[PDB]
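Positions of Cβ are backbone-derived with ideal geometry, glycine not excepted, and every protein chain shown enters the neighbour counts. Readers should treat all values here as calculations from the given coordinates under stated rules, not as data from a laboratory.
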Amino acid sequence: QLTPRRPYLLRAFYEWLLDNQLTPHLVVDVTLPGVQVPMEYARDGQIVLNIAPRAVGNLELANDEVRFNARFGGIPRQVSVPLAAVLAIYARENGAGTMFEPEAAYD
Amino acid sequence: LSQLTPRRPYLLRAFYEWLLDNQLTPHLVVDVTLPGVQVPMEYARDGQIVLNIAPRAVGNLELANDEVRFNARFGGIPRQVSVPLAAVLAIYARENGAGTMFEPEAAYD
Amino acid sequence: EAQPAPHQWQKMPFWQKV
Amino acid sequence: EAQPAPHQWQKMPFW
């Protein structure tokens, strides 16, 4: 019935971490269909992405997915992660943040 | 670290937006006992008040980090409301109770 | 619309939680 | 800034 809360909570924590001058990172489950990340960078089903302004271009924290351009090694890559695959958002410097709880819409 | 700002204002705006996007009517539950609270006490009971902050029920709404402010009509009389974030206990939809009771904050205690 | 009166919000689904 | 390699992100505080 009601849409997922996750994307709203994601944007909220993203803003909160940046407003405290921290570096937001996402923990993503790379096994979900639709995940588009450089798999060489994934390990044991997950990958960590730096989404701070400094490390990304054209960042979109939409309700359906997180999208952005970033550099992996010496190569620019485009990333696309379905919200269902976003497990958590944490500050690289101190672990401040949250692990998202499951929701009906996400199967 | 104890130096980080409180998360409450960000969660409040997040739930507000989420509720409205589901076409629900967001209401705030407020502790009128705390310093700085400015509400029509006539509508408060046992140190609490519930406020409808949906667009059709308020004017000049501001969901800032330090406080929530807006004008509204109580029994026909327009009044200015101002509530520090510390006094905002929760946000829920009138139609089905969807929402949340905010986590305690060291900065507010 | 008008703000809810006490007898009204006390009947809302979420007041039991408070 | 470049993205973290596994040997870098596996060392972060949220593990």
_Within the range A:66-77, does at least one residue satisfy the condition of being among the small types (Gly, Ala, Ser) and not in a loop (DSSP other than H, G, I, E, B)?_
yes
*Search the range A:17-26 for residues being touching a strand residue (DSSP E or B) at 6+ places or on another chain (Cβ under 9 Å) and not polar (S, T, N, Q), and hand back the single one that is nearest to A:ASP64 (Cα to Cα).*
A:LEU26
*Please specify each residue of the range A:70-102 satisfying the condition of being within 29 Å of B:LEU1 (Cβ to Cβ), within 10 Å of another protein chain (Cβ to nearest Cβ) and of a type outside the set (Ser, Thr, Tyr).*
A:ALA70, A:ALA88, A:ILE89, A:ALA91, A:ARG92, A:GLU93, A:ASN94, A:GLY95, A:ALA96, A:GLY97, A:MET99
*Of the conditions (1) within 19 Å of D:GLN10 (Cβ to Cβ); (2) away from chain D (no Cβ under 11 Å); (3) touching a strand residue (DSSP E or B) at 6+ places or on another chain (Cβ under 8 Å), A:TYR41 fails just one. Which one is it?*
(2)
*Scan of chain C for residues that are within 8 Å of the chain's Cα centre (by Cα), assigned to a loop (DSSP other than H, G, I, E, B) and over 17 Å from B:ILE53 (Cα atoms), ordered by number*: C:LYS11
*Taking A:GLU60 and the conditions (1) over 22 Å from B:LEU12 (Cα atoms); (2) within 15 Å of the chain's Cα centre (by Cα); (3) surrounded by fewer than 17 Cβ atoms within 10 Å (Cβ to Cβ), which numbered condition does it fall short on, given that it satisfies the others?*
(1)
*Might you check whether a residue that is touching a residue at least 12 places away in the same chain (Cβ under 8 Å), of a type in the set (A, V, I, L, M, F, W, C) and outside any loop (DSSP other than H, G, I, E, B) occurs anywhere in the range A:51-58?*
yes
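Output the residues belonging to the range A:3-34 that are assigned to a helix (DSSP H, G or I) and buried (at least 18 other Cβ atoms within 10 Å of the Cβ). Spell out the reasoning first.
Our first condition is that a residue be assigned to a helix (DSSP H, G or I); within the range A:3-34, this holds for A:6-18.
Result: A:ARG6, A:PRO7, A:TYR8, A:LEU9, A:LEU10, A:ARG11, A:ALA12, A:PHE13, A:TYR14, A:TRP16, A:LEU17.
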*Does the range B:81-107 hold any residues that are of a type in the set (A, V, I, L, M, F, W, C), assigned to a strand (DSSP E or B) and in contact with a helix residue (DSSP H, G or I) (Cβ under 9 Å, 6 or more places away or on another chain), and which are they?*
B:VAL88, B:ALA90, B:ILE91, B:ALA93, B:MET101
